[PDB]
>>> print(open('coords.txt').read())   # compact mmCIF, N, CA and C atoms and all ligand atoms
# COMPACT_ATOMS: atom_id res chain seq x y z
N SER A 1 -83.68 -66.44 91.95
CA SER A 1 -83.08 -65.10 91.63
C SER A 1 -82.66 -64.37 92.93
N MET A 2 -83.57 -64.31 93.92
CA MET A 2 -83.26 -64.08 95.36
C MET A 2 -82.30 -65.17 95.86
N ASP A 3 -82.34 -66.37 95.27
CA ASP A 3 -81.56 -67.57 95.68
C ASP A 3 -80.07 -67.40 95.37
N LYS A 4 -79.74 -66.97 94.15
CA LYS A 4 -78.32 -66.76 93.75
C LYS A 4 -77.78 -65.49 94.44
N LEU A 5 -78.66 -64.52 94.75
CA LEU A 5 -78.29 -63.25 95.44
C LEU A 5 -77.93 -63.55 96.90
N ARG A 6 -78.67 -64.43 97.56
CA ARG A 6 -78.47 -64.68 99.01
C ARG A 6 -77.09 -65.33 99.17
N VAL A 7 -76.64 -66.13 98.21
CA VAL A 7 -75.28 -66.76 98.21
C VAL A 7 -74.23 -65.64 98.16
N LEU A 8 -74.32 -64.79 97.14
CA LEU A 8 -73.44 -63.62 96.91
C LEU A 8 -73.48 -62.70 98.14
N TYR A 9 -74.65 -62.24 98.53
CA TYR A 9 -74.83 -61.29 99.65
C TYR A 9 -74.14 -61.80 100.91
N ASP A 10 -74.29 -63.08 101.23
CA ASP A 10 -73.70 -63.69 102.46
C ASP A 10 -72.17 -63.72 102.33
N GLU A 11 -71.63 -64.00 101.15
CA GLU A 11 -70.18 -63.91 100.86
C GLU A 11 -69.76 -62.47 101.13
N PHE A 12 -70.35 -61.53 100.42
CA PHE A 12 -70.12 -60.07 100.56
C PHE A 12 -70.16 -59.61 102.02
N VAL A 13 -71.09 -60.13 102.79
CA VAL A 13 -71.23 -59.75 104.23
C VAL A 13 -70.08 -60.38 105.04
N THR A 14 -69.75 -61.65 104.81
CA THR A 14 -68.67 -62.34 105.56
C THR A 14 -67.37 -61.56 105.33
N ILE A 15 -67.07 -61.25 104.08
CA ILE A 15 -65.82 -60.53 103.72
C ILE A 15 -65.84 -59.15 104.37
N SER A 16 -66.98 -58.46 104.32
CA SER A 16 -67.08 -57.06 104.80
C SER A 16 -66.91 -57.05 106.33
N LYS A 17 -67.67 -57.89 107.03
CA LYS A 17 -67.65 -57.95 108.52
C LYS A 17 -66.21 -58.18 109.00
N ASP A 18 -65.49 -59.16 108.45
CA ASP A 18 -64.12 -59.55 108.88
C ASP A 18 -63.25 -58.30 108.97
N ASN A 19 -63.20 -57.60 107.84
CA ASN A 19 -62.40 -56.36 107.69
C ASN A 19 -62.98 -55.26 108.57
N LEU A 20 -64.29 -55.00 108.50
CA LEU A 20 -64.89 -53.85 109.22
C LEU A 20 -64.61 -53.98 110.73
N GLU A 21 -64.86 -55.15 111.31
CA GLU A 21 -64.71 -55.33 112.77
C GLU A 21 -63.22 -55.20 113.12
N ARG A 22 -62.33 -55.83 112.35
CA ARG A 22 -60.86 -55.79 112.60
C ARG A 22 -60.40 -54.33 112.60
N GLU A 23 -60.79 -53.57 111.58
CA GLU A 23 -60.18 -52.25 111.33
C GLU A 23 -60.75 -51.27 112.34
N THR A 24 -62.04 -51.35 112.65
CA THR A 24 -62.73 -50.36 113.53
C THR A 24 -62.76 -50.82 114.99
N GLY A 25 -62.67 -52.13 115.23
CA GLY A 25 -62.93 -52.74 116.55
C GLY A 25 -64.41 -52.82 116.92
N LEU A 26 -65.32 -52.27 116.11
CA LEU A 26 -66.75 -52.25 116.46
C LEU A 26 -67.33 -53.59 116.07
N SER A 27 -68.46 -53.93 116.69
CA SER A 27 -69.22 -55.17 116.41
C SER A 27 -70.28 -54.85 115.36
N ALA A 28 -70.38 -55.66 114.30
CA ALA A 28 -71.49 -55.58 113.32
C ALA A 28 -72.82 -55.68 114.06
N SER A 29 -73.84 -55.03 113.52
CA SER A 29 -75.25 -55.23 113.91
C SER A 29 -75.82 -56.34 113.01
N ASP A 30 -77.08 -56.72 113.22
CA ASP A 30 -77.69 -57.92 112.59
C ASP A 30 -77.91 -57.67 111.09
N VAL A 31 -77.80 -58.75 110.32
CA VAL A 31 -78.07 -58.78 108.86
C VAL A 31 -79.58 -58.74 108.63
N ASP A 32 -80.03 -57.85 107.74
CA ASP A 32 -81.38 -57.89 107.12
C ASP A 32 -81.20 -57.72 105.60
N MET A 33 -81.16 -58.84 104.88
CA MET A 33 -80.91 -58.84 103.43
C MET A 33 -81.95 -57.95 102.76
N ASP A 34 -83.21 -58.05 103.21
CA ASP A 34 -84.36 -57.36 102.57
C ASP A 34 -84.12 -55.84 102.67
N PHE A 35 -83.85 -55.34 103.86
CA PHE A 35 -83.53 -53.90 104.08
C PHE A 35 -82.41 -53.48 103.13
N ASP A 36 -81.40 -54.34 102.94
CA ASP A 36 -80.17 -54.02 102.18
C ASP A 36 -80.47 -54.08 100.67
N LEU A 37 -81.34 -55.01 100.26
CA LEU A 37 -81.83 -55.07 98.86
C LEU A 37 -82.40 -53.70 98.47
N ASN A 38 -83.27 -53.10 99.30
CA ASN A 38 -83.85 -51.76 99.03
C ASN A 38 -82.70 -50.76 98.82
N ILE A 39 -81.71 -50.76 99.72
CA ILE A 39 -80.53 -49.83 99.66
C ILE A 39 -79.82 -50.07 98.32
N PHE A 40 -79.56 -51.33 98.00
CA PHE A 40 -78.90 -51.71 96.72
C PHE A 40 -79.71 -51.17 95.52
N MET A 41 -81.03 -51.21 95.59
CA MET A 41 -81.89 -50.85 94.44
C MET A 41 -81.84 -49.34 94.22
N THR A 42 -81.88 -48.55 95.30
CA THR A 42 -81.63 -47.08 95.24
C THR A 42 -80.28 -46.80 94.59
N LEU A 43 -79.30 -47.65 94.89
CA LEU A 43 -77.86 -47.40 94.63
C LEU A 43 -77.55 -47.66 93.16
N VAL A 44 -78.09 -48.73 92.59
CA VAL A 44 -77.77 -49.11 91.19
C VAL A 44 -77.90 -47.91 90.26
N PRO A 45 -79.04 -47.19 90.18
CA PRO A 45 -79.14 -46.02 89.32
C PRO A 45 -77.97 -45.06 89.55
N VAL A 46 -77.62 -44.80 90.81
CA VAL A 46 -76.64 -43.74 91.21
C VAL A 46 -75.24 -44.18 90.76
N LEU A 47 -74.95 -45.48 90.79
CA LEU A 47 -73.65 -46.04 90.33
C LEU A 47 -73.55 -45.86 88.82
N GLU A 48 -74.64 -46.12 88.10
CA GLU A 48 -74.72 -46.06 86.61
C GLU A 48 -74.47 -44.61 86.17
N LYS A 49 -75.02 -43.63 86.90
CA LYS A 49 -74.84 -42.18 86.65
C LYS A 49 -73.42 -41.76 87.04
N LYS A 50 -72.99 -42.09 88.27
CA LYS A 50 -71.67 -41.66 88.82
C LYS A 50 -70.52 -42.30 88.03
N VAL A 51 -70.69 -43.50 87.46
CA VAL A 51 -69.57 -44.30 86.85
C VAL A 51 -69.92 -44.70 85.41
N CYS A 52 -70.78 -45.71 85.23
CA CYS A 52 -71.21 -46.18 83.89
C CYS A 52 -72.32 -47.23 84.04
N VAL A 53 -73.04 -47.50 82.96
CA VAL A 53 -74.17 -48.48 82.90
C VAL A 53 -73.63 -49.84 83.36
N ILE A 54 -74.45 -50.62 84.06
CA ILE A 54 -74.06 -51.97 84.59
C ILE A 54 -74.55 -53.05 83.62
N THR A 55 -73.63 -53.58 82.83
CA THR A 55 -73.85 -54.67 81.84
C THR A 55 -73.10 -55.89 82.34
N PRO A 56 -73.55 -57.12 82.02
CA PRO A 56 -72.84 -58.33 82.45
C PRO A 56 -71.34 -58.39 82.13
N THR A 57 -70.85 -57.55 81.20
CA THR A 57 -69.43 -57.56 80.72
C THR A 57 -68.67 -56.32 81.23
N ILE A 58 -69.23 -55.63 82.24
CA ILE A 58 -68.60 -54.44 82.88
C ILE A 58 -67.23 -54.83 83.43
N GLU A 59 -66.26 -53.95 83.17
CA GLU A 59 -64.82 -54.20 83.43
C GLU A 59 -64.53 -54.07 84.93
N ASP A 60 -63.45 -54.71 85.37
CA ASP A 60 -63.08 -54.79 86.80
C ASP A 60 -62.94 -53.36 87.35
N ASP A 61 -62.12 -52.53 86.70
CA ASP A 61 -61.71 -51.18 87.19
C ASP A 61 -62.96 -50.30 87.37
N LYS A 62 -64.03 -50.60 86.64
CA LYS A 62 -65.29 -49.84 86.69
C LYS A 62 -66.04 -50.23 87.96
N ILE A 63 -66.06 -51.53 88.27
CA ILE A 63 -66.67 -52.05 89.52
C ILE A 63 -65.88 -51.43 90.67
N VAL A 64 -64.56 -51.59 90.62
CA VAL A 64 -63.63 -51.09 91.67
C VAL A 64 -63.92 -49.60 91.92
N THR A 65 -64.21 -48.82 90.89
CA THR A 65 -64.59 -47.39 91.05
C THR A 65 -65.92 -47.32 91.83
N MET A 66 -66.89 -48.09 91.40
CA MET A 66 -68.21 -48.09 92.05
C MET A 66 -68.04 -48.37 93.55
N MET A 67 -67.10 -49.22 93.94
CA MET A 67 -66.90 -49.61 95.36
C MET A 67 -66.62 -48.39 96.25
N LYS A 68 -66.15 -47.28 95.66
CA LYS A 68 -65.88 -45.99 96.35
C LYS A 68 -67.20 -45.30 96.71
N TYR A 69 -68.30 -45.68 96.06
CA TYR A 69 -69.58 -44.94 96.07
C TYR A 69 -70.65 -45.76 96.82
N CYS A 70 -70.25 -46.75 97.60
CA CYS A 70 -71.19 -47.65 98.30
C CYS A 70 -70.84 -47.68 99.79
N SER A 71 -71.65 -47.02 100.63
CA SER A 71 -71.30 -46.72 102.05
C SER A 71 -71.90 -47.79 102.96
N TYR A 72 -71.06 -48.37 103.82
CA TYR A 72 -71.47 -49.50 104.68
C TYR A 72 -72.45 -48.98 105.73
N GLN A 73 -72.35 -47.71 106.17
CA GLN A 73 -73.23 -47.13 107.23
C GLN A 73 -74.71 -47.16 106.80
N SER A 74 -74.99 -47.28 105.51
CA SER A 74 -76.36 -47.37 104.93
C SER A 74 -76.94 -48.78 105.12
N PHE A 75 -76.14 -49.82 105.37
CA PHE A 75 -76.61 -51.25 105.40
C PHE A 75 -76.87 -51.75 106.84
N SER A 76 -77.75 -52.75 106.94
CA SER A 76 -78.25 -53.38 108.20
C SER A 76 -77.09 -53.71 109.13
N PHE A 77 -76.15 -54.51 108.64
CA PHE A 77 -75.07 -55.09 109.46
C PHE A 77 -74.07 -54.02 109.88
N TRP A 78 -74.07 -52.83 109.26
CA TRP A 78 -73.09 -51.77 109.61
C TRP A 78 -73.79 -50.43 109.85
N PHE A 79 -75.08 -50.46 110.24
CA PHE A 79 -75.95 -49.27 110.25
C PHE A 79 -75.33 -48.19 111.14
N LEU A 80 -74.94 -47.07 110.53
CA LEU A 80 -74.34 -45.86 111.15
C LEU A 80 -73.11 -46.18 112.00
N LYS A 81 -72.35 -47.24 111.71
CA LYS A 81 -71.19 -47.63 112.57
C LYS A 81 -69.94 -46.81 112.25
N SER A 82 -69.58 -46.63 110.97
CA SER A 82 -68.38 -45.85 110.56
C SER A 82 -68.44 -45.46 109.08
N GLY A 83 -67.44 -44.73 108.63
CA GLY A 83 -67.41 -44.09 107.30
C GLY A 83 -66.94 -45.03 106.20
N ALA A 84 -66.76 -46.31 106.52
CA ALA A 84 -66.17 -47.25 105.55
C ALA A 84 -67.06 -47.34 104.31
N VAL A 85 -66.40 -47.47 103.16
CA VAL A 85 -67.05 -47.77 101.85
C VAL A 85 -66.53 -49.14 101.42
N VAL A 86 -67.14 -49.72 100.40
CA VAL A 86 -66.76 -51.07 99.91
C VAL A 86 -65.29 -51.06 99.50
N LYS A 87 -64.79 -49.96 98.92
CA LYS A 87 -63.37 -49.95 98.48
C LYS A 87 -62.46 -50.03 99.71
N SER A 88 -62.90 -49.48 100.84
CA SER A 88 -62.10 -49.46 102.09
C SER A 88 -61.78 -50.90 102.44
N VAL A 89 -62.73 -51.80 102.18
CA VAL A 89 -62.56 -53.25 102.45
C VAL A 89 -61.74 -53.90 101.32
N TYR A 90 -62.04 -53.58 100.07
CA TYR A 90 -61.24 -54.10 98.94
C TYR A 90 -59.77 -53.84 99.26
N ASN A 91 -59.47 -52.64 99.72
CA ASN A 91 -58.08 -52.18 99.95
C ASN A 91 -57.39 -52.97 101.06
N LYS A 92 -58.11 -53.71 101.91
CA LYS A 92 -57.50 -54.47 103.03
C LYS A 92 -57.36 -55.94 102.64
N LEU A 93 -57.82 -56.31 101.44
CA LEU A 93 -57.75 -57.70 100.93
C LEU A 93 -56.43 -57.95 100.20
N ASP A 94 -56.00 -59.20 100.23
CA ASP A 94 -54.81 -59.64 99.47
C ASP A 94 -55.25 -59.74 98.02
N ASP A 95 -54.30 -59.83 97.09
CA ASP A 95 -54.58 -59.68 95.63
C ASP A 95 -55.45 -60.85 95.15
N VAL A 96 -55.42 -61.99 95.84
CA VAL A 96 -56.28 -63.12 95.43
C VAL A 96 -57.73 -62.80 95.78
N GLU A 97 -57.98 -62.42 97.03
CA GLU A 97 -59.36 -62.16 97.49
C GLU A 97 -59.89 -60.90 96.82
N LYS A 98 -59.03 -59.97 96.39
CA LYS A 98 -59.53 -58.79 95.65
C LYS A 98 -60.37 -59.25 94.45
N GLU A 99 -59.87 -60.19 93.66
CA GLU A 99 -60.58 -60.67 92.45
C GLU A 99 -61.91 -61.31 92.85
N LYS A 100 -61.91 -62.13 93.91
CA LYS A 100 -63.15 -62.76 94.41
C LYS A 100 -64.16 -61.67 94.78
N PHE A 101 -63.72 -60.64 95.52
CA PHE A 101 -64.57 -59.53 96.02
C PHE A 101 -65.12 -58.71 94.85
N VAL A 102 -64.31 -58.45 93.82
CA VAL A 102 -64.80 -57.69 92.62
C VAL A 102 -65.90 -58.53 91.97
N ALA A 103 -65.64 -59.82 91.78
CA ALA A 103 -66.59 -60.77 91.14
C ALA A 103 -67.88 -60.80 91.94
N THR A 104 -67.77 -60.89 93.27
CA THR A 104 -68.94 -61.01 94.17
C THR A 104 -69.77 -59.74 94.12
N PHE A 105 -69.13 -58.57 94.12
CA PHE A 105 -69.83 -57.27 94.10
C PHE A 105 -70.50 -57.11 92.74
N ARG A 106 -69.76 -57.35 91.66
CA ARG A 106 -70.28 -57.23 90.28
C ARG A 106 -71.53 -58.12 90.16
N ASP A 107 -71.39 -59.41 90.49
CA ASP A 107 -72.48 -60.42 90.35
C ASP A 107 -73.67 -60.05 91.25
N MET A 108 -73.41 -59.48 92.41
CA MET A 108 -74.48 -59.00 93.32
C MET A 108 -75.23 -57.83 92.67
N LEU A 109 -74.53 -56.87 92.10
CA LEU A 109 -75.19 -55.72 91.44
C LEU A 109 -76.02 -56.23 90.25
N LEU A 110 -75.60 -57.30 89.58
CA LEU A 110 -76.32 -57.89 88.42
C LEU A 110 -77.63 -58.49 88.94
N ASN A 111 -77.56 -59.33 89.98
CA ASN A 111 -78.78 -59.96 90.55
C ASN A 111 -79.73 -58.86 91.02
N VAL A 112 -79.22 -57.75 91.54
CA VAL A 112 -80.07 -56.61 92.00
C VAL A 112 -80.74 -55.94 90.78
N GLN A 113 -80.06 -55.88 89.62
CA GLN A 113 -80.60 -55.31 88.34
C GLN A 113 -81.82 -56.17 87.92
N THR A 114 -81.68 -57.51 87.97
CA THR A 114 -82.77 -58.44 87.59
C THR A 114 -83.88 -58.30 88.65
N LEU A 115 -83.57 -58.14 89.94
CA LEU A 115 -84.59 -57.94 91.02
C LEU A 115 -85.41 -56.67 90.77
N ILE A 116 -84.82 -55.59 90.24
CA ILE A 116 -85.51 -54.29 89.98
C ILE A 116 -86.60 -54.54 88.93
N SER A 117 -86.25 -55.28 87.86
CA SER A 117 -87.07 -55.51 86.64
C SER A 117 -88.28 -56.39 86.98
N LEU A 118 -88.04 -57.46 87.74
CA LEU A 118 -89.08 -58.34 88.36
C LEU A 118 -90.03 -57.50 89.24
N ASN A 119 -89.53 -56.55 90.03
CA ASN A 119 -90.36 -55.76 90.98
C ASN A 119 -91.31 -54.84 90.19
N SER A 120 -90.90 -54.35 89.02
CA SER A 120 -91.69 -53.39 88.19
C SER A 120 -92.66 -54.16 87.27
N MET A 121 -92.45 -55.47 87.10
CA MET A 121 -93.45 -56.43 86.57
C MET A 121 -94.56 -56.65 87.61
N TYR A 122 -94.21 -56.87 88.88
CA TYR A 122 -95.16 -57.09 90.01
C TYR A 122 -96.11 -55.89 90.14
N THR A 123 -95.59 -54.69 89.85
CA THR A 123 -96.34 -53.41 90.03
C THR A 123 -97.20 -53.22 88.78
N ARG A 124 -96.69 -53.57 87.59
CA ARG A 124 -97.48 -53.62 86.34
C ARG A 124 -98.68 -54.55 86.51
N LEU A 125 -98.49 -55.80 86.96
CA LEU A 125 -99.60 -56.75 87.24
C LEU A 125 -100.58 -56.16 88.26
N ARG A 126 -100.08 -55.44 89.26
CA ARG A 126 -100.91 -54.78 90.29
C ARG A 126 -101.68 -53.60 89.66
N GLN A 127 -101.05 -52.76 88.84
CA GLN A 127 -101.76 -51.66 88.12
C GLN A 127 -102.81 -52.25 87.17
N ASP A 128 -102.46 -53.25 86.37
CA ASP A 128 -103.40 -53.99 85.48
C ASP A 128 -104.65 -54.42 86.26
N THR A 129 -104.53 -54.94 87.49
CA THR A 129 -105.71 -55.36 88.31
C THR A 129 -106.42 -54.15 88.93
N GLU A 130 -105.68 -53.11 89.32
CA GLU A 130 -106.26 -51.93 90.00
C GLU A 130 -107.11 -51.16 88.98
N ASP A 131 -106.65 -51.11 87.72
CA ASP A 131 -107.33 -50.45 86.57
C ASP A 131 -108.68 -51.14 86.32
N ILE A 132 -108.72 -52.46 86.43
CA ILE A 132 -109.96 -53.29 86.28
C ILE A 132 -110.97 -52.90 87.37
N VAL A 133 -110.49 -52.72 88.59
CA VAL A 133 -111.34 -52.54 89.80
C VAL A 133 -111.99 -51.15 89.74
N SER A 134 -111.22 -50.13 89.33
CA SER A 134 -111.69 -48.72 89.31
C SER A 134 -112.41 -48.43 87.98
N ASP A 135 -112.28 -49.29 86.96
CA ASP A 135 -113.09 -49.23 85.70
C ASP A 135 -114.43 -49.96 85.90
N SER A 136 -114.91 -50.06 87.15
CA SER A 136 -116.31 -50.34 87.57
C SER A 136 -116.90 -49.16 88.38
N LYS A 137 -116.09 -48.17 88.76
CA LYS A 137 -116.50 -46.99 89.58
C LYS A 137 -115.96 -45.70 88.96
NI NI A 201 -58.49 -61.01 105.29
>>> encode(input="coords.txt", output="structure tokens")
Amino acid sequence: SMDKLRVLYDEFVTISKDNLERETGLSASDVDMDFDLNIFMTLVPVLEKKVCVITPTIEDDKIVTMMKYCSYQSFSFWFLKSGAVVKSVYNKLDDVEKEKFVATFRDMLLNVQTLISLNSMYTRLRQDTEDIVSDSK
């Protein structure tokens, strides 16, 4: 599940870096997928509120809208470098790579949705054990 995300995330980063460095002239900072997963998890709720709920059948134009609301300065590889958003990069792509980028972003937000649900199972199992420990004191 982290496995299919790391494929997507690395695609998303390769595409983003190419455009970001070309357009700004600045050098990307180092990738930390884990740091960026946290950022993505904060972001999913805010995209669902700002635009619409994220379902596996969410339409292209809805994703493309969400790309306006995702700031590269928040992520490891672009930390505080410039004001670029994901749409800023979509807009520099040719019409073929636009479809790939929409697919990659959509599929990445889906894997992040499944990562959120798994994480709140891990915390449920942890509460279930913590409740046992304190129900002796
Ligand atoms: Ni290009």
>>> residues_around(input="coords.txt", residues="range 27-43 of chain A", least_positions_apart="3", cutoff="8 Å", atoms="all atoms listed in the file", output="ChimeraX atom specification")
/A:6,9,17,20-22,24,46-49,69-70,74-79,81,109,112-113,115-116
>>> atom_distance(input="coords.txt", atom1="CA of residue 67 in chain A", atom2="CA of residue 98 in chain A")
11.8 Å
>>> residues_near_ligand(input="coords.txt", ligand="ligand NI 201 (chain A)", cutoff="6.5 Å", atoms="only N, CA and C atoms and all ligand atoms", output="list in words")
residues 19, 92, 93 and 94 of chain A
>>> write_last_selection(input="coords.txt", atoms="N, CA and C atoms", output="compact mmCIF listing (two decimals), keeping the file's coordinate frame")
# COMPACT_ATOMS: atom_id res chain seq x y z
N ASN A 19 -63.20 -57.60 107.84
CA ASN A 19 -62.40 -56.36 107.69
C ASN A 19 -62.98 -55.26 108.57
N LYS A 92 -58.11 -53.71 101.91
CA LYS A 92 -57.50 -54.47 103.03
C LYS A 92 -57.36 -55.94 102.64
N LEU A 93 -57.82 -56.31 101.44
CA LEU A 93 -57.75 -57.70 100.93
C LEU A 93 -56.43 -57.95 100.20
N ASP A 94 -56.00 -59.20 100.23
CA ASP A 94 -54.81 -59.64 99.47
C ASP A 94 -55.25 -59.74 98.02
>>> closest_residue(input="coords.txt", among="A:91, A:105, A:123, A:51", to="residue 12 in chain A", atoms="all atoms listed in the file")
A:105
>>> residues_around(input="coords.txt", residues="residue 110 in chain A", least_positions_apart="6", cutoff="12 Å", atoms="only C-alpha atoms", output="list in words")
residues 1, 2, 4, 5, 8, 9, 40, 41, 44, 53, 54, 55, 56, 57, 58, 63, 103, 104, 116 and 117 of chain A
>>> atom_distance(input="coords.txt", atom1="atom N of residue 86 in chain A", atom2="atom N of residue 119 in chain A")
25.6 Å
>>> select_by_dssp(input="coords.txt", residues="chain A", states="helix (DSSP H, G or I)", output="VMD selection string")
chain A and resid 2 to 24 33 to 50 60 to 69 72 to 74 76 to 78 86 to 90 95 to 134
>>> atom_distance(input="coords.txt", atom1="CA of residue 71 in chain A", atom2="CA of residue 114 in chain A")
21.9 Å
>>> closest_residue(input="coords.txt", among="A:131, A:45, A:122, A:99", to="residue 64 in chain A", atoms="only C-alpha atoms")
A:99
>>> closest_residue(input="coords.txt", among="A:61, A:89, A:73, A:82", to="residue 15 in chain A", atoms="all atoms listed in the file")
A:89
>>> decode(input="coords.txt", residues="range 2-80 of chain A", atoms="C-alpha atoms", output="compact mmCIF listing (two decimals), in the first residue's frame")
# COMPACT_ATOMS: atom_id res chain seq x y z
CA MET A 2 3.07 2.20 0.80
CA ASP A 3 4.48 0.12 -2.18
CA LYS A 4 2.03 1.37 -4.89
CA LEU A 5 2.28 4.94 -3.35
CA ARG A 6 6.13 5.05 -3.58
CA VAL A 7 5.80 4.32 -7.38
CA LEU A 8 3.23 7.18 -7.82
CA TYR A 9 5.05 9.59 -5.42
CA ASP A 10 8.40 9.13 -7.29
CA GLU A 11 6.62 9.77 -10.67
CA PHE A 12 4.91 12.87 -9.12
CA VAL A 13 8.30 14.08 -7.78
CA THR A 14 10.19 13.49 -11.10
CA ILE A 15 7.51 15.44 -13.04
CA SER A 16 7.36 18.22 -10.38
CA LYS A 17 11.18 18.68 -10.02
CA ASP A 18 11.72 18.93 -13.87
CA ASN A 19 9.24 21.81 -14.16
CA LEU A 20 9.99 23.47 -10.76
CA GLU A 21 13.80 23.68 -11.34
CA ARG A 22 13.38 24.80 -15.03
CA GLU A 23 10.82 27.53 -14.24
CA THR A 24 12.43 28.90 -11.01
CA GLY A 25 16.12 28.00 -11.65
CA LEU A 26 16.28 26.81 -7.99
CA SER A 27 17.60 23.37 -6.97
CA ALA A 28 15.16 20.92 -5.27
CA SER A 29 15.99 19.91 -1.68
CA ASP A 30 16.05 16.18 -0.67
CA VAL A 31 12.97 13.88 -0.90
CA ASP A 32 11.41 12.61 2.37
CA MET A 33 8.31 10.59 1.33
CA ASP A 34 7.35 10.09 5.03
CA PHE A 35 7.37 13.87 5.81
CA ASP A 36 5.28 14.41 2.60
CA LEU A 37 2.80 11.60 3.48
CA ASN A 38 1.96 13.58 6.71
CA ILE A 39 1.45 16.77 4.54
CA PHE A 40 -0.75 14.75 2.11
CA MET A 41 -2.84 13.37 5.04
CA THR A 42 -3.52 16.91 6.43
CA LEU A 43 -4.39 17.95 2.85
CA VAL A 44 -6.94 15.25 1.85
CA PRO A 45 -9.66 16.54 4.27
CA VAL A 46 -9.04 20.17 3.07
CA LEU A 47 -9.33 19.14 -0.65
CA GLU A 48 -12.63 17.27 0.09
CA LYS A 49 -14.03 20.45 1.82
CA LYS A 50 -12.57 23.00 -0.70
CA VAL A 51 -13.64 20.91 -3.82
CA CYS A 52 -15.49 17.55 -3.30
CA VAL A 53 -15.21 14.06 -1.63
CA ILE A 54 -12.38 11.86 -3.10
CA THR A 55 -13.93 8.65 -4.57
CA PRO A 56 -12.12 6.27 -6.98
CA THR A 57 -14.39 7.62 -9.85
CA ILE A 58 -13.65 11.38 -9.17
CA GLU A 59 -13.65 13.32 -12.47
CA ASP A 60 -10.53 14.83 -14.10
CA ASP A 61 -11.66 18.53 -13.80
CA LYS A 62 -12.21 18.00 -10.03
CA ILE A 63 -8.63 16.69 -9.54
CA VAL A 64 -7.35 19.55 -11.77
CA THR A 65 -9.18 21.98 -9.38
CA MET A 66 -7.60 20.32 -6.34
CA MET A 67 -4.12 20.86 -7.97
CA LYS A 68 -4.67 24.65 -7.33
CA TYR A 69 -4.90 23.91 -3.55
CA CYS A 70 -1.67 21.86 -3.10
CA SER A 71 1.46 24.02 -2.39
CA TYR A 72 4.94 22.66 -3.24
CA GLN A 73 6.60 24.88 -0.51
CA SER A 74 4.92 22.53 2.09
CA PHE A 75 6.83 19.39 0.73
CA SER A 76 10.38 18.03 1.48
CA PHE A 77 11.82 18.39 -2.04
CA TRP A 78 10.51 22.01 -2.44
CA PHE A 79 10.48 23.16 1.24
CA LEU A 80 9.87 26.99 1.25
